[PDB]
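This report refers to the structure that appears directly beneath it.
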Amino acid sequence: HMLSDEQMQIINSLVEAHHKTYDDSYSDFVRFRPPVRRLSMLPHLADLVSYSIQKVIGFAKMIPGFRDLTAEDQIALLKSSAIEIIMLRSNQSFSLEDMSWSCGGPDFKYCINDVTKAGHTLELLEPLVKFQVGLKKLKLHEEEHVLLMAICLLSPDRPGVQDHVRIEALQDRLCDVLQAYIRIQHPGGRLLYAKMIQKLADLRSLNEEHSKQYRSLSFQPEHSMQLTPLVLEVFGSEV
Amino acid sequence: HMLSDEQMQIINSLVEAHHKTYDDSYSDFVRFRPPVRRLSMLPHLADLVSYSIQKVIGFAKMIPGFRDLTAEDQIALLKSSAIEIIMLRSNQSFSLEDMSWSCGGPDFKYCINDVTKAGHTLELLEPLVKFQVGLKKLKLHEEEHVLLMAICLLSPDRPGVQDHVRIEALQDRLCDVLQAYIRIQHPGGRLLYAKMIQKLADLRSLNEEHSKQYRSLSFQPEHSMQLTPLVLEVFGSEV
Amino acid sequence: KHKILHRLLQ
Amino acid sequence: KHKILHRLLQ
Ligand SMILES: CCC(CC)(c1ccc(OCC(=O)NO)c(C)c1)c1ccc(OC[C@@H](O)C(C)(C)C)c(C)c1
Ligand SMILES: CCC(CC)(c1ccc(OCC(=O)NO)c(C)c1)c1ccc(OC[C@@H](O)C(C)(C)C)c(C)c1
């Protein structure tokens with residue numbers, strides 16, 4: 001069997017949107033408040049995360065069907081999935097040799113200890129690193145990686161989602177594409193799809209744990225004041 | 001004539017509070033989002049200003065009588081005078097040779113053009129530089145400079161001020177101290193006091209113009225998102 | 001309010 | 001709200 005046009009156009013659109021919103025040179029990191037090794041890494045990681053949110057939004061607006069939803073639904077999907085999309089795109093810089101994220105220079109090489117200095121515990125970081133490694137091992141093609149992100153961001157089962165029917169249809173179509181592609185263009189990817197869908201489940205638990213820890217941080221003004229206006233908006237609960 | 005104890009203790013308290021909240025090495029500037037020469041200087045100047053607000057608050061809490069006021073009054077005084085206090089403390093780094101503010105390295109040497117890249121017009125910057133130069137020329141002693149800042153921050157004629165009577169008394173006492181000191185310890189300072197009080201009037205106009213221009217900036221989310229949570233709170237109108 | 005997100009979503 | 005200012009004013 002083979003893939004159809006309006007199915008391959010979807011893959012080309014997503015791949016191009018990812019390239020348009022993911023800087024391989026990481027040349028914007030020098031513009032963030034510098035990293036410093038109470039919670040010394042918060043300023044830098046807050047800027048890193050704020051900047052990633054902007055990228056995720058740019059990516060989302062290019063997912064076919066996303067721009068047609070209501071602003072309320074677009075926001076509901078972004079706010080509830082943003083951290084999961086960030087965690088997925090960060091895998092691109094994850095390294096199985098040092099279990100860290102390397103983004104250009106040694107200054108921008110994040111260890112599990114660095115995130116700790118941003119207010120997080122191993123309760124989150126442990127499962128997170130485990131997730132990164134598991135995903136890194138699936139050796140996804142750029143096409144599957146980008147499809148996984150679009151499928152994640154287009155989940156109708158998120159709090160605040162209104163037009164659950166139209167979003168269910170957009171995500172179903174993205175799922176077919178991923179299934180067809182793995183079956184046709186990924187030699188040895190017999191069990192891949194199920195393992196990918198499994199990764200979305202893992203993300204739900206990480207999202208849940210990240211939200212708790214973030215809530216704790218946002219309730220302490222000496223820490224929340226270190227965050228950016230975009231981070232406070234997206235991770236805030238003032239919907 | 002000579003100065004009394006509880007009048008000299010006031011001067012020692014203010015001078016010490018200023019030293020405790022004003023870093024002569026400017027070693028914290030490297031922690032701000034780096035300067036970049038639409039509104040390229042906004043990230044850096046927003047961090048500079050956010051950091052100065054924190055210093056002004058630290059200074060205010062050490063002004064005798066300030067910590068006893070109501071939280072509402074302390075906040076009302078801080079929000080309405082913060083920019084004026086920032087402008088006064090920045091004169092310490094102002095240079096009459098280059099009409100710029102020099103804070104350590106060449107990276108942290110601010111020109112009137114830099115502020116322009118933070119969203120401001122000559123409508124403000126012109127009077128501002130003129131103010132800086134006029135004040136720089138008064139060649140104030142550290143004692144008068146610090147007294148001028150405390151007198152400015154303890155002005156009862158600010159919107160939101162409730163206990164206008166107690167604040168009027170705190171500022172009157174600070175004014176006597178400044179008058180006595182100039183008369184007793186400042187050879188040639190016959191006309192100084194009036195020129196200093198004149199500088200507070202000038203600050204009112206700068207504050208007024210700065211507020212307009214800031215309001216314009218805060219209404220555009222692509223710009224307000226570059227600000228910090230503390231700057232948004234202090235310069236915001238959500239009292 | 002989400003004014004930043006609205007602006008960014010164009 | 002001024003939660004940051006309150007915190008900073010101790
Ligand atoms: C340092 C590791 C990580 C991992 C997902 C990250 C985020 C974005 C990244 O960039 C990838 C990319 O494409 N960007 O456009 C890269 C490489 C890594 C992270 C960062 C901050 C964190 O904690 C942060 C949050 O909890 C706060 C600061 C409170 C909001 C947590 C829990 C994890
Ligand atoms: C670059 C000059 C200046 C002058 C008062 C400044 C502020 C604080 C400083 O540090 C002195 C000190 O002791 N700090 O603790 C120094 C040396 C200079 C400034 C900076 C930003 C500005 O515009 C900024 C605001 O309008 C925004 C960004 C929107 C809030 C304006 C109009 C002026």
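Letters A, B, ... are given to chains in the order of the sequence lines, protein chains preceding strands, and every chain is numbered from 1. Excluded from the calculations below are hydrogen atoms, water molecules and symmetry mates; all remaining heavy atoms, backbone and side chain alike, are included. Ligands are counted one by one from 1 in listed order, and the atoms in each one are counted from 1 as well.
Considering A:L230, A:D28, A:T21 in turn, A:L230 is the only one that fulfils the side-chain contact (heavy atoms from CB on, under 4.5 Å) rule with A:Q54. For the side-chain contact (heavy atoms from CB on, under 4.5 Å) criterion with B:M62, the lone passing option out of B:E16, B:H18, B:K20 is B:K20.
Ligand-side atoms of ligand 2 in range of B:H210: 25 (C), 26 (O), range being under 4.0 angstrom from any heavy atom. The distance from ligand 1 to the heavy atoms of A:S93 drops below 4.0 Å at these ligand atoms: 17 (C). When each atom of ligand 1 is checked for a heavy atom of A:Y22 under 4.0 Å away, the hits are 13 (O). Interface of A:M87 with ligand 1, defined as ligand atoms under 4.0 Å from a residue heavy atom, comprises 5 (C). Taking a cut-off of under 4.0 Å to the non-hydrogen atoms of A:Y51, the atoms of ligand 1 that pass are 15 (O). Shown in contact with B:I86 at under 4.0 Å from a heavy atom are these atoms of ligand 2, numbered in order with element: 7 (C), 8 (C). Of all the atoms in ligand 2, the ones that sit under 4.0 Å from a non-hydrogen atom of B:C103 are 17 (C).
The protein atom (non-hydrogen) at minimum distance from atom 16 (C) of ligand 2 is B:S90 CB, 3.6 Å. Of the protein's non-hydrogen atoms, the one nearest atom 30 (C) of ligand 2 is B:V231 CG1, 3.7 Å. At the top of the distance list for atom 31 (C) of ligand 2, counting protein heavy atoms only, stands B:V115 CG1, 3.6 Å. Protein heavy atom nearest atom 1 (C) of ligand 1, with residue, atom name and distance: A:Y110 CB, 3.6 Å. Nearest protein neighbour of atom 21 (C) of ligand 1, counting heavy atoms only, is A:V49 CG2, 3.7 Å. When only non-hydrogen protein atoms are considered, atom 29 (C) of ligand 2 lies nearest to B:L217 CD2, 3.4 Å. A:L48 CD1, 3.5 Å is the protein heavy atom nearest to atom 10 (O) of ligand 1.
Of the protein's heavy atoms, none falls inside 4.0 Å of atom 3 (C) of ligand 2. At a distance under 4.0 Å, a protein heavy atom can be found next to atom 7 (C) of ligand 1. In this structure, atom 19 (C) of ligand 1 has no protein heavy-atom contact shorter than 4.0 Å.
Of all the heavy atoms of B:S52, the ones lying under 4.0 Å from any atom of ligand 2 are found in both the backbone and the side chain.
Between the side chain of B:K136 and the main chain of B:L96, no donor-acceptor pair closer than 3.5 Å is present.
Ion pairing between a basic and an acidic side chain is recognised when a charged N comes within 4.0 Å of a carboxylate O; A:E144 and A:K139 show no such pairing. Using a 4.0 Å cut-off between a side-chain N of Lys or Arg and a carboxylate O of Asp or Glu, B:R204 and B:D157 qualify as a salt bridge. Ion pairing of B:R158 with B:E84 is present here, as a side-chain N (NZ or NE/NH1/NH2) and a carboxylate O approach within less than 4.0 Å. Salt bridge status for B:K109 with B:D98: present, with a side-chain N to carboxylate O gap under 4.0 Å.
Note: B:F108 and B:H44 meet the aromatic proximity criterion, with ring centroids under 6.0 Å apart. For B:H145 and B:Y22, the gap between ring centers reaches or exceeds 6.0 Å.
A perpendicular orientation is assigned to the rings of B:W101 and B:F94, their planes being inclined by more than 60° (bins at 30° and 60°).
The shell of residues lying under 4.0 angstrom from ligand 1, judged by heavy atoms, excludes A:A118.
Shown here is B:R37, whose CZ atom has more than 12 heavy atoms of other residues, nucleotides or ligands within 6.0 Å.
Relative to atom 15 (O) of ligand 2, the option among B:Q92, B:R89, B:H120 with the closest non-hydrogen atom is B:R89.
Every residue meeting the salt bridge (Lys or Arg N to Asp or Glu O under 4.0 Å) condition with B:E222, not counting sequence neighbours, appears here in chain and number order: C:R7.
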